[PDB]
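Residue numbers (the UniProt record's numbering), protein chains in the order written: chain A, 5 to 244; chain B, 350 to 418; chain C, 6 to 245; chain D, 1 to 183; chain E, 43 to 264; chain F, 245 to 341; chain G, 357 to 397; chain H, 3 to 234; chain I, 147 to 195. For every residue, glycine included, the Cβ atom is placed at its ideal position computed from N, Cα and C. Below: the structure, in structure tokens.
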Amino acid sequence: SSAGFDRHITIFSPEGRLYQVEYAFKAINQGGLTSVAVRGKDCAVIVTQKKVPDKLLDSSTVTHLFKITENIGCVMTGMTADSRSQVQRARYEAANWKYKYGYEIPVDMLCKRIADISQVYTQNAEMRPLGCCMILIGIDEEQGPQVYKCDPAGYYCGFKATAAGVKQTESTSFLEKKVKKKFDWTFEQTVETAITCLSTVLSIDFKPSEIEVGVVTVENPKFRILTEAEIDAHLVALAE
Amino acid sequence: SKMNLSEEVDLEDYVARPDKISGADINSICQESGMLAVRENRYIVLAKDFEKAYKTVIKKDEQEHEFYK
Amino acid sequence: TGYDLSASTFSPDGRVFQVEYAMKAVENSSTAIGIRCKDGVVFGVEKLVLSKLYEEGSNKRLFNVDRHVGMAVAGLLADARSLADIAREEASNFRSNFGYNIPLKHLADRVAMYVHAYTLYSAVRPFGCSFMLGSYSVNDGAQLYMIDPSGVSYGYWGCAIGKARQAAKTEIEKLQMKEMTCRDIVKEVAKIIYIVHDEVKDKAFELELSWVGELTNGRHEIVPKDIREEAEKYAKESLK
Amino acid sequence: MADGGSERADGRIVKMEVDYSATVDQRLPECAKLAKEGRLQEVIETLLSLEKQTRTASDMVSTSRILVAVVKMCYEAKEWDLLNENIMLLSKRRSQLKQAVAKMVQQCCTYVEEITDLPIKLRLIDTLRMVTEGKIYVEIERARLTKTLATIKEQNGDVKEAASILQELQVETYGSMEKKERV
Amino acid sequence: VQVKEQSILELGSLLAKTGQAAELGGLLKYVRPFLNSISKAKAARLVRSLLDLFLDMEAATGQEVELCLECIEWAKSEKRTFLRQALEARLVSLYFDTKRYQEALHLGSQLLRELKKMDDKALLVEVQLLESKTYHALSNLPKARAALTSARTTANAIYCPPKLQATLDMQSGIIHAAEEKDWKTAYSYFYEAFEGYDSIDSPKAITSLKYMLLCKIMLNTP
Amino acid sequence: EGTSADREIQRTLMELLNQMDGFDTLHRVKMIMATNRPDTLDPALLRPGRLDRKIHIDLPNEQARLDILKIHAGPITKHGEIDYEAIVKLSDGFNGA
Amino acid sequence: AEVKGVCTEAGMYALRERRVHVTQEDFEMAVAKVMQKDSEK
Amino acid sequence: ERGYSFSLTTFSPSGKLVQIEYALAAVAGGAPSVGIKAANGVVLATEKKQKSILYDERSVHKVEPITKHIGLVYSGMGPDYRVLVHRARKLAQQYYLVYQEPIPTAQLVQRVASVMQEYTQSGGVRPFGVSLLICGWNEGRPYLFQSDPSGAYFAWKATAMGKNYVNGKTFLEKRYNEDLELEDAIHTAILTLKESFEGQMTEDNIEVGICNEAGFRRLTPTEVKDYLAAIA
Amino acid sequence: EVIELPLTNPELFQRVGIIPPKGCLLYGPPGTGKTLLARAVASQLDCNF
Ligand SMILES: Nc1ncnc2c1ncn2[C@@H]1O[C@H](COP(=O)(O)OP(=O)(O)OP(=O)(O)O)[C@@H](O)[C@H]1O
Ligand SMILES: [Mg+2]
């Protein structure tokens with residue numbers, strides 16, 4: 005199934021597939037964390053788990069949520085330094101678009117440009133194709149909320165509910181079963197479903213000090229991060 | 350044709366699924382649904398039993414990287 | 006065979022091997038410990054004397070990046086000095102461009118990005134150093150950060166880098182640093198140094214200590230001679 | 001979680017008797033959540049059975065706005081489908097479902113209840129849909145017999161009564177009824 | 043715009059349900075100047091949905107042949123080959139029910155040449171079967187036998203005739219019994235037609251059952 | 245295209261495959277099998293009708309780890325105060341062994 | 357080889373109706389089935 | 003940084019370029035696509051299918067308009083399409099700037115083929131893994147063209163590309179002619195694309211674009227849903 | 147659920163209209179407690195083994 009250096013660089017194997025991109029998808033799961041993004045009627049939420057193994061570490065600087073722009077929110081999965089570089093690149097691109105064209109950049113154009121940048125690595129053979137994922141959420145006029153996903157292969161798509169990490173398949177199946185019912189979603193309902201999907205996939209019944217929640221809604225499009233008190237209130241409301 | 354399948358069971362749903370199941374595991378689906386209905390101390394099989402049994406038996410994840418095409 | 010000869014190839018399991026070898030090379034340093042007090046940061050390094058010929062104070066492993074920033078090093082020496090030079094240049098450029106002293110949360114990010122830039126291409130090699138940055142400011146408090154060859158920078162309350170990292174952090178844990186001022190913590194650093202590195206490994210060693218905080222009024226500098234001597238005098242009672 | 005909580009129920013039984021029906025809102029869950037708990041083998045069973053059966057007194061005894069007379073809600077709808085049979089996460093079954101509404105507390109009442117026809121059929125229909133499961137089957141059949149004998153006694157539409165009775169009985173497979181009764 | 047089309051469809055369905063035939067013809071004749079104001083696909087689907095329902099309602103023999111002919115004319119004017127081919131098949135099927143000899147024959151002969159050169163083969167076996175039926179109804183055994191033979195031979199290359207299989211089996215059994223060669227074969231064909239036509243289309247299963255019972259009677263096995 | 249002295253094991257294998265779910269039905273007989281890597285098993289042996297149920301025994305969870313610790317650390321002659329939370333947090337990816 | 361296959365399979369159609377002679381309808385059915393069924397694989 | 007600057011495609015002892023064959027074998031496993039030209043315009047049809055119900059079907063499009071009267075569809079790899087689309091648009095704009103006239107389809111096809119050829123000889127670069135179908139209508143007569151990873155291009159009358167394309171070509175052989183209409187062309191395109199569809203053919207699983215003497219345009223979901231009726 | 151209940155109360159499955167399974171296998175990472183579970187089952191059941 006190999007002929008030459010098709011196992012070592014990005015060239016076509018005799019069967020028509022190149023393995024160096026499939027290896028990054030396995031490299032994504034090295035971290036061991038799972039994140040979910042849900043879209044509602046007039047809001048969008050991101051939920052992620054975070055673990056601090058020891059008390060020596062400073063727990064205030066292990067966040068996996070980043071703020072690219074005052075209206076656009078993001079979350080990463082996989083390697084850390086690659087995600088940091090990608091976030092830096094995204095911030096630069098958003099600032100450049102705003103300066104050059106005089107109005108805020110739509111989320112879909114940003115995701116398309118990020119995928120276009122990340123597609124070159126699988127074309128030239130002198131570089132490694134940045135094995136980390138990308139999830140973006142935002143609000144946009146005339147369309148409402150939007151959630152977008154981008155993967156290292158140079159591919160992107162818009163969604164209504166997404167999960168990325170080690171437990172992608174089970175959470176995807178749960179979200180599909182839930183969304184087939186076609187029930188109208190509100191703020192509390194979206195947050196509750198987002199929390200319960202992770203809770204039932206992991207079977208942990210976690211405390212309010214090991215999750216991160218980010219929200220956006222049509223009353224103040226500013227991206228904001230929930231505090232611990234609000235998370236505790238949501239958790240106690242969830243369990244009757 | 351031998352077990353109960355009272356009134357609200359839809360079989361055209363499960364036939365429509367792809368993934369080429371063989372002939373020796375459809376019997377396994379029916380057997381597992383019957384066992385699951387036995388567990389609940391009930392002698393009538395419902396649709397949830399078929400749903401759970403079909404979800405459990407097949408167990409194929411994706412193997413289908415989406416940038417093939 | 007042949008999946009670990011380049012830094013631009015993914016193994017079938019999905020991980021780069023060269024950075025792991027760099028970490029293994031880093032794992033043969035002596036020791037470097039950094040603890041943040043209520044009003045500053047304290048560094049401590051134990052240095053091995055190879056022979057009597059070398060003059061006292063050679064191979065200094067405790068640099069001065071800026072007027073208010075320290076640095077502690079473990080690993081190779083040449084790469085450490087190169088990183089120190091690039092950090093100095095970046096801090097000078099930031100000061101000249103804007104007009105005020107650079108915060109740690111930005112300098113650490115810049116240095117981490119520069120380090121990570123080398124683990125993508127096949128025309129260079131990963132670095133072989135792991136280092137710690139510390140500082141104090143009046144409007145920001147005390148700051149400590151740790152960076153490794155991979156390019157991952159975290160904040161900490163107390164860290165140890167080198168050979169016996171675990172045997173040192175297991176003793177840092179018993180210490181309670183959240184309250185007591187760092188006028189006596191030098192004694193604890195000395196005591197924690199002398200309780201490591203059994204005499205079978207090497208014949209003798211020397212101690213090096215740093216100082217930065219409100220006591221020094223921002224500036225980072227070496228501890229006074231008398232205070233260090235009292236520190237060894239107190240730490241020598243481990244024989245009981 | 002047995003006696004002591006029941007002490008409470010026996011304390012507030014006078015309040016239930018004196019006050020009105022909506023107060024059930026505060027006494028339905030206090031035992032129900034206890035049925036959620038179920039840490040001990042026999043306490044949870046006593047509490048759940050007692051509460052479920054006790055709702056019978058309010059039904060029928062307080063005939064107005066109850067099954068005996070104006071069953072607009074109460075036992076017909078509020079406490080039949082929703083009491084425990086449909087869902088309460090998991091209902092313990094065994095003593096609580098057998099000794100409660102399913103058995104004498106309602107079947108006996110039906111014998112000594114309406115005497116009139118019009119809602120006797122609806123009481124029968126509701127108390128028949130709940131027991132369409134399994135490992136009860138010595139309560140659904142009697143009610144089916146009652147319905148058929150009543151329908152034959154008055155209207156005398158034999159074709160329909162025979163049709164309904166025929167499909168109902170598969171008693172060779174029931175396996176719990178005494179032989180002289182199944183024969 | 044779309045409200046008018048929805049109202050037209052609802053009115054056609056209501057007229058079909060009520061049990062009136064003149065109203066459907068009047069609506070079909072009235073909606074001609076409205077057709078050439080909408081998209082081609084919408085007009086074609088509307089014409090199909092009205093004509094098929096009116097034809098398949100029941101047998102009110104006074105308002106079908108001319109309507110099918112005018113639909114054929116409209117389709118030919120609009121240059122829609124597939125629609126007019128389907129309508130020609132429907133019309134040649136209709137001519138048999140009106141007991142006409144040559145108008146139901148030369149039309150099929152014309153349609154066969156066009157059908158042979160194109161992809162369609164199921165429509166070809168249907169037309170062959172209809173030709174065999176009309177030759178049989180005019181007391182000509184050899185020609186009906188030849189048409190049935192051609193239909194059977196050209197029906198083995200199709201992946202599946204899901205329902206035409208039963209009709210083909212029934213016609214083959216009828217033709218075989220007409221020559222009283224052997225009754226076991228006719229009985230087997232009738233049984234196969236009954237089995238393959240069961241629980242899908244009720245109206246024509248009882249006749250197959252009746253024919254099978256007659257055949258079994260003829261074997262002196264009551 | 246295998247080697248000799250190896251097709252005998254295959255012969256035993258198909259004999260076993262015929263003994264269970266073969267031409268003659270078994271009654272009141274059940275079988276249990278265990279292996280810690282099922283990749284190499286024959287596709288015919290894993291077919292439903294022979295091995296109907298596949299059971300997974302994954303690594304313990306935090307609650308499972310605490311349960312195993314309480315089971316095994318009991319009988320020892322302990323003294324003082326013990327805190328299982330740190331032990332549970334530190335031991336990740338462990339086994340009962 | 358498929359000419360021989362058509363010849364040897366046309367007789368099965370005569371057998372299927374319990375006959376003693378072969379007519380060309382069997383030949384046509386045989387050739388149609390053989391040519392069509394060889395398309396797959 | 004710096005590249006490699008040595009060719010990654012070399013001649014085999016039998017005189018064959020192996021990488022081109024591998025790229026073609028990768029193209030042959032893509033999504034099916036069909037293109038038909040009949041006497042009034044051109045029709046491009048393709049079959050798209052989402053893995054589950056979470057995907058949004060109104061986010062990305064298979065059919066893209068290069069300019070007012072040229073359209074283009076692909077078959078093969080996903081990401082490799084977008085850069086080609088962008089390059090084609092840029093080339094068209096350049097021609098419009100130079101000559102103040104809309105670019106003919108043949109010139110655009112020649113430029114795209116030259117780019118695809120130039121991209122398989124430089125240093126340290128693998129060939130493209132997609133194939134293109136281009137349709138246009140300039141100066142009365144319509145035009146349909148097909149590109150190739152090796153850089154060659156041909157002019158067709160009815161083409162099936164992607165997975166199971168030989169049977170599609172056989173089907174188009176026995177139905178196509180030189181005297182039809184746009185509507186019958188759409189009908190036969192849908193019929194021949196139905197040979198590989200799933201159990202159901204929903205409107206959301208088909209992308210259809212038509213170019214006539216009024217300009218290229220992608221059909222709205224309502225029109226495609228209507229067209230799907232009265233067929234099959 | 148496989149080896150205990152059907153061997154003692156076999157009329158339930160006949161009442162429902164199915165047949166209980168025959169065998170099963172256990173898999174996972176090494177040292178997760180498979181042979182221990184088998185030993186417990188064998189040591190706490192009154193049947194030929
Ligand atoms: N859940 C558990 N509770 C208590 N002890 C356990 C548990 N799981 C495993 N063990 C320990 O595992 C030890 C031996 O495990 P066992 O023989 O079952 O291994 P295994 O999982 O079958 O692995 P393998 O056969 O692949 O070597 C026992 O002595 C016991 O202490
Ligand atoms: Mg073992």
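List, in order along the chain, the chain A residues whose C-beta lies closer than 8 Å to that of residue i?
i: H/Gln-21; result: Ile-15 and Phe-16
Is residue j closer than 8 Å to residue i when the C-beta atoms are compared?
i: residue 235 of chain H; j: H/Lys-165; result: Residue 235 of chain H lies beyond the residue range present for chain H, which begins at 3 and ends at 234; the question has no answer from this structure.
i: H/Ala-28; j: H/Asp-181; result: no
i: H/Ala-162; j: H/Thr-194; result: yes
i: H/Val-132; j: H/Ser-77; result: yes
i: E/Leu-171; j: E/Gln-213; result: yes
i: C/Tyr-141; j: C/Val-217; result: yes
i: D/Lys-92; j: D/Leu-47; result: no
I want to verify the contact list: residues of chain H whose CB lies under 7 Å from the CB of residue i, in sequence order.
i: A/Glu-130; result: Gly-5, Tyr-6 and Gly-126
i: E/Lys-84; result: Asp-228
Who are the neighbours of residue i on chain H, taking C-beta pairs under 9 Å?
i: E/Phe-236; result: Correct list: empty, because the minimum Cβ distance to chain H is about 29 Å.
Going by DSSP in three states, residue i sits in which element: helix, strand or coil?
i: D/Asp-59; result: helix
i: C/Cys-187; result: coil
i: H/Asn-169; result: helix
i: A/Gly-169; result: strand
i: F/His-300; result: strand
i: H/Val-132; result: strand
i: A/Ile-139; result: strand
Note down, in chain order, every chain H residue with its Cβ under 8 Å from the Cβ of residue i.
i: B/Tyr-363; result: Simply none; closest approach about 13 Å.
Which chain B residues sit within Cβ distance under 7 Å of residue i?
i: F/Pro-292; result: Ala-373, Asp-374 and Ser-377
Against residue i, what residues of chain C qualify as contacts under a CB-to-CB distance less than 8 Å, listed in chain order?
i: A/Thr-65; result: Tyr-159 and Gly-160
So which residues of chain I does residue i contact, with C-beta pairs closer than 9 Å?
i: F/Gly-340; result: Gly-177, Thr-178, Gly-179 and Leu-182
Give the range of the alpha helix (DSSP H) segment to which residue i is assigned.
i: F/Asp-268; result: No alpha helix (DSSP H) holds F/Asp-268; DSSP gives it neither H nor E.
i: D/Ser-164; result: 158 to 168
i: residue 26 of chain E; result: For residue 26 of chain E there is no data in the structure shown, the boundaries of chain E being 43 and 264.
i: A/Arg-88; result: 84 to 105
Can you pull the chain F neighbours of residue i, defined as C-beta to C-beta under 9 Å?
i: I/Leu-153; result: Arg-272 and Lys-274
In terms of residue numbering, what span does the beta strand (DSSP E) encompassing residue i cover?
i: A/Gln-150; result: 148 to 155
i: C/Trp-216; result: 210 to 218
Closer than 7 Å by beta-carbon distance: list the chain I residues that pair up with residue i, in chain order.
i: B/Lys-404; result: Within 7 Å Cβ-Cβ: nothing; B/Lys-404 doesn't reach chain I, min ~18 Å.
Interfacial residues, the region 372 to 397 of chain B to chain I, with Cβ spacing under 8 Å:
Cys-379, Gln-380, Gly-383, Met-384, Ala-386, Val-387, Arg-388, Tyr-392 and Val-394
Of the residues that make up the region 30 to 43 of chain A, which ones have a beta carbon closer than 9 Å to any beta carbon in chain C?
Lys-30, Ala-31, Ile-32, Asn-33 and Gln-34
Using a Cβ-Cβ cutoff of 7 Å, what residues of the region 296 to 325 of chain F are near chain A? List them in chain order.
none
Could you please tell me which residues of the region 152 to 173 of chain A, in chain order, have their CB closer than 7 Å to any CB of chain B?
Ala-157, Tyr-159 and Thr-173
Name, going along the chain, the residues of the region 161 to 172 of chain I whose beta-carbon falls closer than 7 Å to a beta-carbon of chain F.
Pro-167, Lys-168, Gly-169, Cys-170, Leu-171 and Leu-172
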